[PDB]
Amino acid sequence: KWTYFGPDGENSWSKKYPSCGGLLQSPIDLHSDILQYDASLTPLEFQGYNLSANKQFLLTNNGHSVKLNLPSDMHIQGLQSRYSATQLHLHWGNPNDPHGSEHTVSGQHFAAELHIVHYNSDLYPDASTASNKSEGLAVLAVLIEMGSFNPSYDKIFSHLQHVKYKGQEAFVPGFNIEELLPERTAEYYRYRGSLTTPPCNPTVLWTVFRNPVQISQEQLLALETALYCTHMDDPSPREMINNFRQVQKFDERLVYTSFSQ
């Protein structure tokens, strides 16, 4: 199975997952040469993000990240079709090199990155089916840097120790997922790309918000150190660290921005 280190690492994903060596691959470096303002890029509206605190949502360690399952009444409004949420998850580095975003800005990594995965539910019945299809997926990406303690991110991080090993799960009480979004969500980068993990399907409409959020050093350390890739009884455990893909070449293409200034 695929990993981010050793012989089954990212340069080897295209053996089993051929789209990982195809076109339109993400993530990419967002730098000024390739940015172009597009006034078509109006604000998205986040509907159904205030999750019932009387519902619970499943947190899982799937051996590659920590993921929270989201309900399909949560969706983005503002794109041509409605895209309904399926799950959120994160990517990060390690305590010796705590710069594990997937997208970079002017060559720089942020500390970590959150992805909120959605699929086109006007065209397709579930995310699985949409994933290899035209217009199938939309991912929101939030860049994370170190700064202030973030109570909202702690609504997820306080459950990490319950999902330390692969296959483990936890229930998280509903909270307002919009609290994980940064300031001025009107300001974003937009490009068509791919899933950043196998099968790397080139079917994602990316929205990367312009502004990062902050989490404290202790929150970033917990994310980096709480999880393993491996099942609890694996005699050779592997820490879940450095779970981000290297940036891909992105030639003769633009990233569109909703901001000029």
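Counting begins at 1, following the sequence as shown. Between two forms, the rigid core is the largest collection of C-alphas that superpose within 1.5 Å.
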### Task
Find the stretch among 191 to 199 and 50 to 58 with the larger RMS C-alpha deviation in 9 other deposited structures of this protein, all structures being superposed on the shown form by the rigid core.
50 to 58
#### Entry: Stretch with greater C-alpha deviation in 9 other deposited structures of this protein, 243 to 251 versus 19 to 27 (rigid core superposition)
243 to 251
#### Entry: 30 to 38 or 216 to 224, whichever carries the higher mean Cα B-factor
30 to 38
#### Entry: Residue range whose averaged C-alpha B-factor is higher in the record, 113 to 121 or 163 to 171
163 to 171
### Query
Among 192, 64, 55, 67, which residue carries the highest C-alpha B-factor recorded in the PDB entry?
55
### Query
From 185, 104, 84, 129, which pick has the Cα B-factor that tops the rest in the entry?
129
### Query
Hey, what third does residue 99 fall into on Cα B-factor, ranked over its chain?
middle
### Query
Going by what the PDB entry lists, where does residue 229 fall on CA B-factor within its chain: lowest, middle or highest third?
middle
### residue 93 - which third its CA temperature factor falls in, relative to the rest of the chain
lowest
### Record-listed C-alpha B factor of residue 51: chain third
highest
### Message
Quick check on the deposited entry: does the C-alpha B-factor of residue 140 sit in the lowest, middle or highest third of its chain?
### Response
lowest
